[PDB]
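Structure data (mmCIF, C-alpha atoms) from entry-v9.cif:
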```cif
data_target
#
loop_
_atom_site.group_PDB
_atom_site.id
_atom_site.type_symbol
_atom_site.label_atom_id
_atom_site.label_comp_id
_atom_site.auth_asym_id
_atom_site.auth_seq_id
_atom_site.Cartn_x
_atom_site.Cartn_y
_atom_site.Cartn_z
ATOM 1 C CA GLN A 1 37.234 -3.537 38.225
ATOM 2 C CA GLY A 2 39.929 -3.492 35.556
ATOM 3 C CA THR A 3 41.053 -1.432 32.581
ATOM 4 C CA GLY A 4 41.092 -4.618 30.506
ATOM 5 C CA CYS A 5 40.013 -8.217 30.155
ATOM 6 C CA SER A 6 42.411 -11.110 30.688
ATOM 7 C CA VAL A 7 42.512 -13.003 27.395
ATOM 8 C CA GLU A 8 43.646 -16.505 26.554
ATOM 9 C CA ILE A 9 44.068 -17.772 22.990
ATOM 10 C CA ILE A 10 42.849 -21.382 22.998
ATOM 11 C CA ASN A 11 43.868 -23.924 20.350
ATOM 12 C CA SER A 12 41.702 -26.762 19.048
ATOM 13 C CA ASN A 13 42.954 -29.047 21.815
ATOM 14 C CA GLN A 14 41.582 -26.579 24.381
ATOM 15 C CA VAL A 15 45.105 -25.625 25.509
ATOM 16 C CA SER A 16 46.147 -22.000 25.871
ATOM 17 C CA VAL A 17 48.790 -20.836 23.398
ATOM 18 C CA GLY A 18 48.986 -17.168 24.416
ATOM 19 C CA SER A 19 47.589 -14.666 26.872
ATOM 20 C CA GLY A 20 47.525 -11.023 27.782
ATOM 21 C CA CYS A 21 45.506 -8.109 29.083
ATOM 22 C CA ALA A 22 43.191 -6.734 26.405
ATOM 23 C CA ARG A 23 42.415 -3.114 27.131
ATOM 24 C CA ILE A 24 38.706 -2.348 27.011
ATOM 25 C CA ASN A 25 37.621 -0.404 23.929
ATOM 26 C CA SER A 26 40.958 -0.984 22.236
ATOM 27 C CA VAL A 27 42.924 -3.436 20.096
ATOM 28 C CA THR A 28 45.716 -5.185 21.988
ATOM 29 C CA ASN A 29 48.611 -7.022 20.343
ATOM 30 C CA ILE A 30 48.782 -10.556 21.797
ATOM 31 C CA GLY A 31 51.010 -13.334 20.519
ATOM 32 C CA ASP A 32 50.569 -17.081 20.203
ATOM 33 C CA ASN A 33 53.237 -19.719 20.633
ATOM 34 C CA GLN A 34 53.935 -19.848 16.892
ATOM 35 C CA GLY A 35 54.970 -16.194 16.977
ATOM 36 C CA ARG A 36 51.813 -14.959 15.290
ATOM 37 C CA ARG A 37 50.556 -11.617 16.523
ATOM 38 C CA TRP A 38 46.811 -11.159 17.002
ATOM 39 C CA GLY A 39 44.891 -7.897 17.320
ATOM 40 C CA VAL A 40 42.382 -8.538 20.096
ATOM 41 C CA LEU A 41 39.368 -6.266 20.457
ATOM 42 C CA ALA A 42 37.717 -6.063 23.875
ATOM 43 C CA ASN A 43 34.560 -4.296 24.951
ATOM 44 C CA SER A 44 33.283 -3.298 28.363
ATOM 45 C CA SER A 45 31.503 -6.648 28.744
ATOM 46 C CA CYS A 46 34.800 -8.400 27.952
ATOM 47 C CA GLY A 47 33.430 -9.722 24.747
ATOM 48 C CA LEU A 48 36.451 -10.439 22.577
ATOM 49 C CA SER A 49 37.252 -10.748 18.881
ATOM 50 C CA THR A 50 40.298 -10.584 16.625
ATOM 51 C CA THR A 51 41.051 -8.425 13.606
ATOM 52 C CA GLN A 52 41.767 -11.592 11.565
ATOM 53 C CA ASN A 53 40.012 -14.961 11.732
ATOM 54 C CA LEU A 54 41.511 -17.352 14.236
ATOM 55 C CA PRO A 55 42.535 -20.801 13.026
ATOM 56 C CA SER A 56 39.756 -23.313 12.682
ATOM 57 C CA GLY A 57 38.793 -24.685 16.071
ATOM 58 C CA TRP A 58 40.602 -21.939 18.029
ATOM 59 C CA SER A 59 38.821 -19.542 20.362
ATOM 60 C CA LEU A 60 39.335 -16.663 22.725
ATOM 61 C CA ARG A 61 38.500 -16.852 26.427
ATOM 62 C CA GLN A 62 38.210 -14.004 28.942
ATOM 63 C CA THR A 63 39.185 -15.017 32.480
ATOM 64 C CA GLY A 64 38.417 -11.812 34.389
ATOM 65 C CA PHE A 65 39.308 -8.166 34.775
ATOM 66 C CA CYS A 66 42.954 -7.159 34.391
ATOM 67 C CA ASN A 67 44.991 -3.957 34.512
ATOM 68 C CA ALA A 68 47.469 -3.441 31.683
ATOM 69 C CA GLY B 1 49.956 -29.297 28.000
ATOM 70 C CA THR B 2 53.574 -28.413 28.842
ATOM 71 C CA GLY B 3 52.635 -25.675 31.312
ATOM 72 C CA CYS B 4 49.947 -24.143 33.495
ATOM 73 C CA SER B 5 48.313 -20.854 32.525
ATOM 74 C CA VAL B 6 49.058 -18.457 35.371
ATOM 75 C CA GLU B 7 47.589 -15.122 36.353
ATOM 76 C CA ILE B 8 48.975 -12.889 39.092
ATOM 77 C CA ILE B 9 46.064 -11.422 41.049
ATOM 78 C CA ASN B 10 46.324 -8.231 43.124
ATOM 79 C CA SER B 11 44.604 -7.432 46.421
ATOM 80 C CA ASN B 12 41.493 -6.200 44.559
ATOM 81 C CA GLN B 13 41.137 -9.497 42.669
ATOM 82 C CA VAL B 14 42.297 -7.935 39.385
ATOM 83 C CA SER B 15 44.881 -9.662 37.216
ATOM 84 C CA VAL B 16 48.175 -7.807 36.884
ATOM 85 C CA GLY B 17 50.122 -10.334 34.817
ATOM 86 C CA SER B 18 49.895 -13.645 33.042
ATOM 87 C CA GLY B 19 51.914 -16.302 31.308
ATOM 88 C CA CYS B 20 52.577 -19.990 30.851
ATOM 89 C CA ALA B 21 54.412 -21.661 33.729
ATOM 90 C CA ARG B 22 56.206 -24.810 32.595
ATOM 91 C CA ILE B 23 55.238 -27.792 34.722
ATOM 92 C CA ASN B 24 57.962 -28.944 37.126
ATOM 93 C CA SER B 25 59.978 -25.797 36.527
ATOM 94 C CA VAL B 26 60.299 -22.168 37.536
ATOM 95 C CA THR B 27 59.161 -19.680 34.885
ATOM 96 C CA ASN B 28 59.419 -15.919 35.172
ATOM 97 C CA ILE B 29 56.075 -14.157 34.813
ATOM 98 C CA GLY B 30 55.926 -10.379 34.690
ATOM 99 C CA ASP B 31 53.517 -8.057 36.439
ATOM 100 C CA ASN B 32 52.230 -4.734 35.205
ATOM 101 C CA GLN B 33 54.759 -2.876 37.394
ATOM 102 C CA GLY B 34 57.638 -4.360 35.393
ATOM 103 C CA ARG B 35 58.608 -6.875 38.071
ATOM 104 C CA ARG B 36 59.403 -10.533 37.447
ATOM 105 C CA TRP B 37 58.078 -13.405 39.557
ATOM 106 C CA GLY B 38 59.488 -16.897 39.447
ATOM 107 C CA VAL B 39 56.509 -19.217 39.366
ATOM 108 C CA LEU B 40 56.774 -22.875 40.301
ATOM 109 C CA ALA B 41 54.146 -25.148 38.765
ATOM 110 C CA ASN B 42 53.378 -28.816 39.328
ATOM 111 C CA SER B 43 51.491 -31.287 37.166
ATOM 112 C CA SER B 44 48.206 -30.477 38.947
ATOM 113 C CA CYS B 45 48.756 -26.735 38.338
ATOM 114 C CA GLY B 46 49.495 -25.901 41.906
ATOM 115 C CA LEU B 47 51.460 -22.667 41.769
ATOM 116 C CA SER B 48 53.814 -20.767 44.066
ATOM 117 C CA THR B 49 56.572 -18.173 43.721
ATOM 118 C CA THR B 50 60.247 -18.210 44.668
ATOM 119 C CA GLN B 51 59.863 -14.761 46.263
ATOM 120 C CA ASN B 52 57.105 -13.566 48.560
ATOM 121 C CA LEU B 53 54.259 -11.950 46.656
ATOM 122 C CA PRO B 54 52.960 -8.534 47.722
ATOM 123 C CA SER B 55 50.536 -8.689 50.617
ATOM 124 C CA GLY B 56 47.076 -9.667 49.430
ATOM 125 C CA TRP B 57 48.259 -10.943 46.043
ATOM 126 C CA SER B 58 47.762 -14.502 44.835
ATOM 127 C CA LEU B 59 48.265 -16.797 41.863
ATOM 128 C CA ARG B 60 45.481 -18.277 39.785
ATOM 129 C CA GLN B 61 45.781 -21.220 37.412
ATOM 130 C CA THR B 62 43.485 -21.079 34.390
ATOM 131 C CA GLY B 63 44.107 -24.437 32.727
ATOM 132 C CA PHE B 64 46.867 -25.968 30.671
ATOM 133 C CA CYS B 65 49.055 -24.121 28.196
ATOM 134 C CA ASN B 66 51.842 -24.775 25.707
ATOM 135 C CA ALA B 67 54.865 -22.474 25.799
#
```
Kindly transcribe the structure held in the file into C-alpha cells.
Amino acid sequence: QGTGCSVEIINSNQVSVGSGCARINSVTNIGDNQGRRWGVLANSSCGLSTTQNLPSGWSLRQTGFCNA
Amino acid sequence: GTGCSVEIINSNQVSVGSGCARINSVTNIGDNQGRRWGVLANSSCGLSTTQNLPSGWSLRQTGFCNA
C-alpha cells in the first residue's frame, strides 16, 4: 500500500487540470493549471475533499495508492 | 485535452510520480526520488520514456489532461 492517494483535479469537461500524491490523514498542497493552490484532505479510504469549494462542475478523483 | 495524465508506477504497483504529458511531445515527469523521466505520449495516450525505467516500474495513463 501507499502513504497517500493519487489525486486528480477534474474540470467540468472531465479533463484533469492538476495532480499529486495526497498524504493520508493530511492536507496536501496541489495546484491546478490556472495556478490556484488547493488543500486536499485524504483519509485512509482515499476519500478526498478540499479546504475550499472547488469550482462548479469540478471534482476530485483518486486513482490509487501513491508514495509522496 | 492537450496531454495524457501519467503516473509512474513502482514494482509494488504504487504510484511514485504524476503529471501531464503533452501529446506528441516529451514531457519531464518527476518521481518521488527526485529523478526526472522524459515521457513520450501519443494521441491515444500510449506512453513510454526516453530512458529505461527501473526494473519492474511502468507507466499508467489516467485520461486526458490540460497542461
Exercise. Near chain A, which residues of chain B fall within 12 Å when you count all atoms listed in the file, and what do they look like as a ChimeraX atom specification?
Worked result: /B:1-21,29-34,60-67
Exercise. On this structure, which residues satisfy the PyMOL selection byres ((chain A and resi 42) around 7), written as a ChimeraX atom specification?
Worked result: /A:22-27,40-41,43-44,46-49
Writer output for current selection, C-alpha atoms, as a short mmCIF file (atom, residue, chain, number, x, y, z; two decimals), in the frame of the given file:
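And here's result-v5.cif as it stands now:
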```
data_model
loop_
_atom_site.label_atom_id
_atom_site.label_comp_id
_atom_site.auth_asym_id
_atom_site.auth_seq_id
_atom_site.Cartn_x
_atom_site.Cartn_y
_atom_site.Cartn_z
CA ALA A 22 43.19 -6.73 26.40
CA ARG A 23 42.42 -3.11 27.13
CA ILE A 24 38.71 -2.35 27.01
CA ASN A 25 37.62 -0.40 23.93
CA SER A 26 40.96 -0.98 22.24
CA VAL A 27 42.92 -3.44 20.10
CA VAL A 40 42.38 -8.54 20.10
CA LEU A 41 39.37 -6.27 20.46
CA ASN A 43 34.56 -4.30 24.95
CA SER A 44 33.28 -3.30 28.36
CA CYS A 46 34.80 -8.40 27.95
CA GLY A 47 33.43 -9.72 24.75
CA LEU A 48 36.45 -10.44 22.58
CA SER A 49 37.25 -10.75 18.88
#
```
Exercise. Please, which residues are within 10 Å of (45.8, -10.8, 9.4) by the file's coordinates, counting all atoms listed in the file, and could they come as a PyMOL selection string?
Worked result: chain A and resi 36-39+50-54
Taking C-alpha atoms for each residue, export the selection above as a JSON list (two decimals), keeping the file's coordinate frame.
```
[["chain", "number", "residue", "atom", "x", "y", "z"],
["A", 36, "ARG", "CA", 51.81, -14.96, 15.29],
["A", 37, "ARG", "CA", 50.56, -11.62, 16.52],
["A", 38, "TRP", "CA", 46.81, -11.16, 17.00],
["A", 39, "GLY", "CA", 44.89, -7.90, 17.32],
["A", 50, "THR", "CA", 40.30, -10.58, 16.62],
["A", 51, "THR", "CA", 41.05, -8.43, 13.61],
["A", 52, "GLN", "CA", 41.77, -11.59, 11.56],
["A", 53, "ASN", "CA", 40.01, -14.96, 11.73],
["A", 54, "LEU", "CA", 41.51, -17.35, 14.24]]
```
For this session: Can you work out the spacing between atom CA of residue B:26 and atom CA of residue B:57 in Å, to one decimal?
Result: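 We find that atom CA of residue B:26 and atom CA of residue B:57 lie 18.5 Å from each other.
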Write out as AutoDock Vina command-line options an axis-aligned box for stretch 4-22 of chain A: all of its atoms listed in the file, 6 Å added on each side, centre and edge lengths in Å with one decimal.
```
--center_x 44.5 --center_y -16.8 --center_z 24.9 --size_x 21.0 --size_y 36.4 --size_z 23.6
```
Exercise. Got a sec: who's within 6 Å of residue B:23, counting only C-alpha atoms, leaving out chain neighbours fewer than 5 positions off, as number ranges by chain?
Worked result: B: 3, 41-43
For this session: Do a neighbour search on residue B:50 at 12 Å with only C-alpha atoms, toss out local chain neighbours closer than 4 positions, and write the hits as a ChimeraX atom specification.
Result: /B:25-29,36-41
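Interatomic distance, atom CA of residue B:47 to atom CA of residue B:35: 17.7 Å.
Computed from the coordinates, the atom CA of residue A:28 to atom CA of residue A:58 distance equals 18.0 Å.
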Starting from the incomplete input, reconstruct N, CA and C atoms of stretch 37-63 of chain A and report them as a short mmCIF file (atom, residue, chain, number, x, y, z; two decimals), keeping the file's coordinate frame.
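Saved the output as part-v2.cif:
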```cif
data_model
loop_
_atom_site.label_atom_id
_atom_site.label_comp_id
_atom_site.auth_asym_id
_atom_site.auth_seq_id
_atom_site.Cartn_x
_atom_site.Cartn_y
_atom_site.Cartn_z
N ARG A 37 51.09 -12.71 15.74
CA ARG A 37 50.56 -11.62 16.52
C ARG A 37 49.10 -11.40 16.14
N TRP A 38 48.25 -11.33 17.15
CA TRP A 38 46.81 -11.16 17.00
C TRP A 38 46.41 -9.78 17.53
N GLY A 39 45.49 -9.12 16.83
CA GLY A 39 44.89 -7.90 17.32
C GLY A 39 43.58 -8.23 17.99
N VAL A 40 43.53 -8.13 19.31
CA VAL A 40 42.38 -8.54 20.10
C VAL A 40 41.58 -7.30 20.46
N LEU A 41 40.31 -7.28 20.04
CA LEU A 41 39.37 -6.27 20.46
C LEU A 41 38.68 -6.73 21.73
N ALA A 42 38.47 -5.80 22.66
CA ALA A 42 37.72 -6.06 23.88
C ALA A 42 36.72 -4.94 24.09
N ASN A 43 35.53 -5.30 24.54
CA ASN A 43 34.56 -4.30 24.95
C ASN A 43 34.33 -4.35 26.46
N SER A 44 33.46 -3.45 26.93
CA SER A 44 33.28 -3.30 28.36
C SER A 44 32.63 -4.51 29.01
N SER A 45 32.02 -5.39 28.22
CA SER A 45 31.50 -6.65 28.74
C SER A 45 32.54 -7.76 28.66
N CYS A 46 33.75 -7.43 28.21
CA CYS A 46 34.80 -8.40 27.95
C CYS A 46 34.40 -9.43 26.91
N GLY A 47 33.48 -9.06 26.03
CA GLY A 47 33.43 -9.72 24.75
C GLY A 47 34.71 -9.45 23.98
N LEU A 48 35.16 -10.46 23.22
CA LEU A 48 36.45 -10.44 22.58
C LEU A 48 36.33 -10.91 21.14
N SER A 49 37.13 -10.31 20.26
CA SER A 49 37.25 -10.75 18.88
C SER A 49 38.66 -10.41 18.40
N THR A 50 39.00 -10.87 17.21
CA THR A 50 40.30 -10.58 16.62
C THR A 50 40.12 -9.93 15.27
N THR A 51 41.12 -9.14 14.87
CA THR A 51 41.05 -8.43 13.61
C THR A 51 41.18 -9.35 12.41
N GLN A 52 41.71 -10.56 12.59
CA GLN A 52 41.77 -11.59 11.56
C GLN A 52 41.15 -12.85 12.14
N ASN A 53 40.62 -13.72 11.27
CA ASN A 53 40.01 -14.96 11.73
C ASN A 53 41.05 -15.83 12.45
N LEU A 54 40.67 -16.37 13.59
CA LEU A 54 41.51 -17.35 14.24
C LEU A 54 41.53 -18.64 13.42
N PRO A 55 42.53 -19.48 13.66
CA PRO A 55 42.54 -20.80 13.03
C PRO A 55 41.28 -21.58 13.38
N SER A 56 40.93 -22.49 12.48
CA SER A 56 39.76 -23.31 12.68
C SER A 56 39.86 -24.08 13.99
N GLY A 57 38.83 -23.99 14.81
CA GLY A 57 38.79 -24.68 16.07
C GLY A 57 39.39 -23.91 17.24
N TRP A 58 40.05 -22.78 16.98
CA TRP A 58 40.60 -21.94 18.03
C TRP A 58 39.53 -20.98 18.55
N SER A 59 39.78 -20.43 19.72
CA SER A 59 38.82 -19.54 20.36
C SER A 59 39.57 -18.60 21.28
N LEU A 60 38.86 -17.56 21.69
CA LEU A 60 39.34 -16.66 22.72
C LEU A 60 38.50 -16.87 23.98
N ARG A 61 39.14 -16.74 25.13
CA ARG A 61 38.50 -16.85 26.43
C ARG A 61 38.88 -15.63 27.24
N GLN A 62 37.92 -15.05 27.96
CA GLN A 62 38.21 -14.00 28.94
C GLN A 62 38.10 -14.63 30.33
N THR A 63 39.11 -14.38 31.17
CA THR A 63 39.18 -15.02 32.48
C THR A 63 38.98 -14.04 33.63
#
```
